Amino acid sequence: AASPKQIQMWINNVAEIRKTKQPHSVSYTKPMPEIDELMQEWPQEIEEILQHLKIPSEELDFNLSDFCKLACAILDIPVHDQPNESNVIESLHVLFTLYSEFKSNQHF
Amino acid sequence: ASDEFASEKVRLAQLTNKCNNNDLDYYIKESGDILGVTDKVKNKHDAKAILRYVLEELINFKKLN
């Protein structure tokens, strides 16, 4: 085994080739759910739980990062362990994609 | 036409490749600009407001009926 220091190092080195190679594209470190599956309607039980979940943007150390993980949890977007210092950024990307292709459909 | 969508995709991709967890704040609000969200938010300088907006929108968007 190795340090999570060494692990992130390895990931950065691999990413450095792929990222800079194609700057127009994102490749997740671990698999993420298909976008169209994330577009399924709420199962009714969950929808009904959600009518009563009030968004706690204000929770004193629901800091930015905690909030982000809640939002992903709500939407079934996993937050992976790796990369230990950019995992939330990958999850948010899936969230913003989802948002994007919703807006796309809404505009007929 | 309208793959201003294909633009926002590549831009959002490029933003993503450059950011780690330390850039959460900045990553949210320039995603917020790319998606034209930033203008519909009361508090455009809070990052939690921007994300709160996108989340509620996505919650509505998945509602049946």
Side-chain angles (χ1 to χ4, degrees), chain A residues 8 12 15-16 18-20 22-28 38-40 42-44 46-47 50 53 55-59 62-68 70-72 74-75 77 83-90 92-108, chain B residues 1-3 5-8 10-41 43-51 53-65:
Chain A
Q8 178 68 57
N12 293 346
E16 152 176 10
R18 342 246 288 127
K19 299 190 164 179
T20 71
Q22 342 313 331
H24 51 282
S25 156
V26 166
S27 64
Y28 300 114
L38 297 171
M39 302 173 102
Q40 157 57 251
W42 296 113
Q44 183 172 17
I46 295 181
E47 175 157 0
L50 281 156
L53 173 62
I55 303 306
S57 155
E58 316 136 45
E59 270 335 298
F62 270 178
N63 45 74
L64 189 56
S65 182
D66 282 329
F67 195 54
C68 284
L70 180 54
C72 292
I74 288 171
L75 300 168
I77 302 169
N84 151 275
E85 63 184 57
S86 75
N87 59 351
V88 171
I89 287 295
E90 299 200 358
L92 284 177
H93 174 267
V94 173
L95 191 149
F96 286 141
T97 305
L98 188 64
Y99 186 71
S100 180
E101 283 237 82
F102 268 165
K103 263 300 178 178
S104 169
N105 279 27
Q106 157 171 82
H107 186 259
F108 315 114
Chain B
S2 306
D3 291 314
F5 173 87
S7 180
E8 63 182 57
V10 303
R11 314 198 346 203
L12 203 69
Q14 182 186 358
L15 169 60
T16 301
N17 284 320
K18 295 176 15 222
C19 295
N20 55 47
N21 295 337
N22 285 10
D23 320 289
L24 232 61
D25 196 337
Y26 164 84
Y27 177 81
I28 306 294
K29 338 202 212 204
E30 238 198 74
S31 290
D33 273 44
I34 292 192
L35 303 173
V37 153
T38 182
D39 297 297
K40 320 179 183 177
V41 188
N43 202 343
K44 55 177 297 174
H45 303 305
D46 192 341
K48 292 203 272 193
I50 307 287
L51 181 61
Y53 182 91
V54 175
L55 177 50
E56 293 180 303
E57 277 296 281
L58 291 168
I59 283 171
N60 299 338
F61 278 171
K62 289 166 59 69
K63 283 173 165 162
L64 51 77
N65 166 242

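Order of the sequence lines fixes the chain letters, A, B, ..., with proteins taken first and strands second; residue numbering starts at 1 for each chain.
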Tell me whether [X] contacts the main-chain N or O of [Y] through its side chain, where contact means a donor paired with an acceptor under 3.5 Å.
X: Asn17(B); Y: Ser25(A); answer: yes
X: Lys63(B); Y: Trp42(A); answer: no
X: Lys48(B); Y: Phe62(A); answer: yes
X: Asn20(B); Y: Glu85(A); answer: no

Starting at [atom1] of [X], measure out to [atom2] of [Y] and round the result to the nearest 0.5 Å.
X: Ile59(B); Y: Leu53(A); atom1: CD1; atom2: CG; result: 6.5 Å
X: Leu35(B); Y: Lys103(A); atom1: CG; atom2: NZ; result: 10.0 Å
X: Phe67(A); Y: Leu24(B); atom1: CZ; atom2: CG; result: 12.0 Å
X: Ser100(A); Y: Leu12(B); atom1: OG; atom2: CG; result: 7.0 Å
X: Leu15(B); Y: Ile89(A); atom1: CG; atom2: CD1; result: 7.5 Å
X: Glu56(B); Y: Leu50(A); atom1: CD; atom2: CG; result: 11.0 Å

Taking all heavy atoms of [X] and all of [Y], pick out the closest pair and write down the distance.
X: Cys19(B); Y: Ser86(A); result: O-CB, 4.2 Å
X: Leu58(B); Y: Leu75(A); result: CD1-CD1, 3.7 Å
X: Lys62(B); Y: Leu38(A); result: NZ-O, 2.9 Å
X: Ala47(B); Y: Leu64(A); result: CB-CD2, 3.8 Å
X: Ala13(B); Y: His24(A); result: CB-O, 3.4 Å

For residues [X] and [Y], determine if any side-chain heavy atom of one lies less than 4.5 Å from a side-chain heavy atom of the other.
X: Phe61(B); Y: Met39(A); result: no
X: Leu92(A); Y: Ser31(B); result: no
X: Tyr99(A); Y: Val37(B); result: yes
X: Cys68(A); Y: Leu51(B); result: yes
X: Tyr53(B); Y: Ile55(A); result: no

**Item:** Which atoms of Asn87(A) approach chain B - backbone, side chain, both or neither, heavy atom under 4.5 Å
**Value:** both

